[PDB]
Colleague: 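Dropping the structure in here first, questions after.
Start at 1 and go down the list; that is how both ligands and their atoms are numbered. Residue numbers run from 1 in the order of the sequence given. Only heavy atoms go into these numbers, but all of them, side chains included; no hydrogens, no water, no symmetry mates.
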Amino acid sequence: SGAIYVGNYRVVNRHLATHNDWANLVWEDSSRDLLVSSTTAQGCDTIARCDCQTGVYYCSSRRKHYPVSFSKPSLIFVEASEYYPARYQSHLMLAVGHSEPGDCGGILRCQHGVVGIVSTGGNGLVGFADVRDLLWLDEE
Ligand SMILES: COc1ccccc1CC(=O)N1CCO[C@@H](C(N)=O)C1
Ligand SMILES: [Zn+2]
């Protein structure tokens with residue numbers, strides 16, 4: 001589990017969104033596994049606006065943050081899971097690292113701020129849903 005709290009937005013994996021998230025919906029995209037809902041309180045996270053390919057992510061199944069090198073956001077075939085059939089997920093970045101299903105939501109960050117959240121995994125890989133192109137998270 002896990003979310004990004006920036007401004008009056010909450011960014012979560014679409015497959016982990018709650019009824020309150022759907023009832024206060026700002027934007028959602030199944031092909032990216034992302035959903036954004038509105039919040040009453042202002043958050044403290046800031047979004048990275050860069051093309052870094054190195055950063056650090058939180059892994060809840062190890063209670064640890066790991067440094068990683070990750071690929072640029074792209075269209076990748078992801079195997080079937082409990083939440084989606086096997087399909088192409090867009091804006092996904094891959095790294096070598098530990099991830100279990102419940103690790104979804106962990107933040108990936110670089111020197112500039114939050115880059116994305118854990119979305120996929122398996123066999124020593126971890127995939128992150130990028131948020132650096134969502135410029136509207138910084139305003140309104
Ligand atoms: C954290 O992912 C792991 C890790 C190890 C093994 C399996 C998973 C589960 C997984 O790949 N999912 C969860 C549901 O959403 C899927 C998606 N975003 O397409 C991806
Ligand atoms: Zn950066």
Side-chain angles (χ1 to χ4, degrees):
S1 66
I4 304 167
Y5 291 97
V6 52
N8 284 271
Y9 299 120
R10 166 174 141 95
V11 187
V12 286
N13 293 90
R14 187 184 187 275
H15 72 273
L16 300 176
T18 67
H19 164 77
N20 187 71
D21 287 323
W22 279 106
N24 292 279
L25 182 68
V26 172
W27 169 81
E28 54 84 24
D29 184 320
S30 173
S31 77
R32 292 178 69 150
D33 184 43
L34 285 181
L35 180 147
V36 177
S37 60
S38 60
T39 63
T40 58
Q42 285 180 291
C44 297
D45 294 319
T46 280
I47 312 297
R49 301 296 179 199
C50 69
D51 63 351
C52 284
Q53 279 190 255
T54 66
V56 174
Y57 83 106
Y58 184 62
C59 177
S60 68
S61 67
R62 296 283 181 268
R63 270 194 203 105
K64 273 204 198 43
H65 295 256
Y66 291 104
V68 289
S69 298
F70 54 94
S71 61
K72 289 190 181 200
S74 69
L75 188 67
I76 301 184
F77 196 70
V78 180
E79 290 304 311
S81 66
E82 192 185 314
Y83 302 91
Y84 295 103
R87 87 219 196 276
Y88 282 93
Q89 179 161 325
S90 64
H91 298 265
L92 185 67
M93 300 173 294
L94 295 189
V96 173
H98 187 70
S99 60
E100 294 177 30
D103 287 322
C104 283
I107 280 172
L108 171 71
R109 66 181 75 231
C110 67
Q111 64 183 103
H112 301 113
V114 175
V115 171
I117 50 172
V118 175
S119 177
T120 73
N123 298 300
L125 297 162
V126 52
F128 309 99
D130 183 51
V131 300
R132 290 177 291 186
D133 65 314
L134 305 177
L135 311 189
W136 56 261
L137 288 171
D138 298 344
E139 63 191 19
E140 157 78 316

Colleague: Looking at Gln53, I want to see if its CD is surrounded by more than 12 non-hydrogen atoms of other residues, nucleotides or ligands under 6.0 Å.
Modeller: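 Buried by this count: over 12 neighbours within 6.0 Å.
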
Colleague: Check the surroundings of atom CG in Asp133: do more than 12 heavy atoms from other residues, nucleotides or ligands lie under 6.0 Å from it?
Modeller: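 Counting other residues, nucleotides and ligands, CG of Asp133 exceeds 12 neighbours.
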
Colleague: List the closest protein heavy-atom neighbour of atom 1 (C) of ligand 1: residue, atom name, distance to the nearest 0.1 Å.
Modeller: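 Result: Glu100 O, 3.1 Å.
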
Colleague: Side-chain donor-acceptor pair under 3.5 Å between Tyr84 and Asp33, yes or no?
Modeller: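 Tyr84 vs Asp33: donor-acceptor pair found between side chains.
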
Colleague: To which of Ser81, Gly127, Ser119 does the heavy atom nearest atom 20 (C) of ligand 1 belong?
Modeller: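 The residue whose heavy atom sits nearest atom 20 (C) of ligand 1 is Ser119.
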
Colleague: What angle, in degrees and rounded to 10°, do you get at the Zn ion (ligand 2) when you join it to SG of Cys110 and to SG of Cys52?
Modeller: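 Result: 120°, to 10°.
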
Colleague: Between the candidates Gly124, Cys104, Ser30, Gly121, which shows the shortest non-hydrogen contact distance to atom 6 (C) of ligand 1?
Modeller: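 The residue whose heavy atom sits nearest atom 6 (C) of ligand 1 is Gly121.
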
Colleague: Closest non-hydrogen protein atom to atom 18 (N) of ligand 1, residue and atom name please, with distance?
Modeller: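 For this ligand atom, the closest protein heavy atom is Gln89 OE1, 2.8 Å.
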
Colleague: Can you classify the ring geometry of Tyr57 versus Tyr66 as parallel (below 30°), tilted (30 to 60°) or perpendicular (above 60°)?
Modeller: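 Tilted: the ring planes of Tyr57 and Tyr66 meet at 30° to 60°.
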
Colleague: Do the ring planes of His65 and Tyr58 sit parallel (below 30°), tilted (30 to 60°) or perpendicular (above 60°)?
Modeller: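 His65 and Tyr58: tilted rings.
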
Colleague: Using a 4.0 Å cut-off to any heavy atom of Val78, which atoms of ligand 1 qualify?
Modeller: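 Per the distance check, 19 (O).
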
Colleague: Distance to 0.1 Å, residue and atom name: give those for the protein heavy atom nearest to atom 5 (C) of ligand 1.
Modeller: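 Nearest protein contact, heavy atoms only, for atom 5 (C) of ligand 1 is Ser99 O, 3.0 Å.
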
Colleague: If I take the Zn ion (ligand 2) as the centre, what angle separates the ND1 atom of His112 from the SG atom of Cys50? Nearest 10 degrees is fine.
Modeller: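 ND1 of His112 and SG of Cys50 make an angle of 110° at the Zn ion (ligand 2), to the nearest 10°.
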
Colleague: Does ligand 1 have an atom that lies less than 4.0 angstrom from a heavy atom of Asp103?
Modeller: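 Heavy atoms of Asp103 never come under 4.0 Å of ligand 1.
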
Colleague: In terms of residue, atom name and distance, what is the protein heavy atom nearest to atom 19 (O) of ligand 1?
Modeller: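 Protein heavy atom at minimum distance: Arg87 NH1, 2.6 Å.
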
Colleague: Take atom CD in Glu139; do more than 12 heavy atoms of anything else shown fall under 6.0 Å from it?
Modeller: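 Yes.
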
Colleague: For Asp33, counting its heavy atoms only, list the atoms of ligand 1 lying under 4.0 Å from any of them.
Modeller: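 Matching atoms, with element in brackets: 18 (N).
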
Colleague: Which heavy atom of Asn8 sits nearest a heavy atom of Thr40, and at what distance?
Modeller: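 Result for this residue pair: OD1-O, 3.3 Å.
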
Colleague: If only side-chain N and O atoms count, and only distance matters, is there a donor-acceptor pair under 3.5 Å linking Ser119 with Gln89?
Modeller: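 Yes, a side-chain donor-acceptor pair sits under 3.5 Å.
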
